[PDB]
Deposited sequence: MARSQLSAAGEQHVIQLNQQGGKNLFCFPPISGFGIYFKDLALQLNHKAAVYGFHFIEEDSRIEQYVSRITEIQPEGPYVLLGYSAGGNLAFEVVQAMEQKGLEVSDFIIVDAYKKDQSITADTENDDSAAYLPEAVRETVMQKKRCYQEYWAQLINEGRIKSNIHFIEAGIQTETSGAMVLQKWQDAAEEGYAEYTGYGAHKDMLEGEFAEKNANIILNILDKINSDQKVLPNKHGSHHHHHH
């Protein structure tokens, strides 16, 4: 890393399975705080940030194996983080590492590149927003290709008021070499891992972990 810092926060106690979590477009691992609270002393939740450097994938693999030197590994991605994590899974597998299970919380397989999407002095505002801007640019250009060996667990939103026929085609069935499962979770997309819904969606995640 740029300054020897890390790009992940351990958000609850160690124990059970390690769950390596990749963030939504806001870009910071603290996003997973509510999930971590719900899984405290059940699974160890590590919340990654979006790494701005082009070597990000290698760095994620390096950090995961530092934390947990022996597989198999379990990864999770929420929203944009599902698309990012899929790339990390592929990288890990290409190195011969075993990713047993990949939990995708309301992310949709990204098949084409697209165009990218206060209380602060403008100079601070720009620095503070840099990670999210970088992530927006990375996500816009990103294309998830092919399959992973890892079992896929797709957890969709429980409230869905604007589903396209196009989105239903991008629920990751074509991305599984082996195991695929789909689950209806709780809440609208933006709310799933926060507030009241974190508890209900965490139960799904734990049930998945418990069945491995």
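Against the full deposited sequence, the model leaves out several stretches, namely 1 to 6, 124 to 130, 226 to 244.
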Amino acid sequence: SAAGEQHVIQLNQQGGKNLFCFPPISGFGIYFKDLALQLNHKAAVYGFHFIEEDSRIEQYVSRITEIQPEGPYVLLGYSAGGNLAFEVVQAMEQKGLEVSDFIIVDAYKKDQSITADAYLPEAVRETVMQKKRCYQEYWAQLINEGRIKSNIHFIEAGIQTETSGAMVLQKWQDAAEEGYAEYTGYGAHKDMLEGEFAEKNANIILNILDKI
From here on, numbers count along this sequence of modelled residues.
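A summary of the deposited B-factors shows that, of 57 to 65 and 44 to 52, the stretch with the larger mean C-alpha value is 57 to 65. Mean CA B-factor, 98 to 106 versus 135 to 143: the higher value falls on 135 to 143. By the numbers in the PDB entry, the CA B factor is greatest at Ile114 among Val88, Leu76, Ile114, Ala80. Across the options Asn151, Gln173, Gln38, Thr161, the residue with the most elevated CA B-factor in the record is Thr161. Ranked by Cα temperature factor within the chain, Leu84 sits in the lowest third according to the deposited record. In the deposited entry, the Cα temperature factor of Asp34 sits in the middle third of values across the chain's modelled residues.
Remark: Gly27 belongs to the lowest third of its chain, ranked by C-alpha B-factor as recorded. Ranked against the other modelled residues of its chain, the C-alpha B-factor of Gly185 as given in the entry falls in the lowest third.
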